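Only one chain is included here, represented as structure tokens and corresponding to the form deposited in one PDB entry.
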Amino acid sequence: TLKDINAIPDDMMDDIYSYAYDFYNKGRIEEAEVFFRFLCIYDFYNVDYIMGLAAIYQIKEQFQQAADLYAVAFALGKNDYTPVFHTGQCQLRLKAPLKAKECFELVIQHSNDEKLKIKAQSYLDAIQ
């Protein structure tokens, strides 16, 4: 891939990732999508690039598409449950509350991120 051969310098890739988030934060979702797709073409194996594109799909209400990428991101990161938390959100929106409950429960049981667990527990408290 382009990343394998260092086709673009590291600092310029950092810049592009930051610009992608600038677009996302100012609600320029179409431009952010182009940029996060560019990043994931450059390095499909970069968990934070994948999370950025998954965030785009989630904000576009493409919830299964986001959940799919969140599964890959979780797998590649191994011990970061943030993608599992966002998967739970996606499953709620897909009307799959038992799958969502499983996700938030997994965050509670495995995550060492205390702030993330507070958010997961709030979701669990509301699930019927």
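Shifts are known only where both forms have a C-alpha. Each residue number is its position in the shown sequence, starting from 1. Throughout, rigid core stands for the largest set of C-alpha atoms superposing within 1.5 Å between the two forms.
What comes next is about the form deposited with a partner chain bound, which does not appear here.
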Any non-hydrogen atom of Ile59 within 4.5 angstroms of the partner chain in the bound PDB entry: yes
Distance check, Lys119 to the partner chain in the bound PDB entry, heavy atom within 4.5 Å: yes
Moved runs of 3+ residues, each with a C-alpha displacement of 2 angstroms or more between the shown form and the other one on the rigid core: 1-9
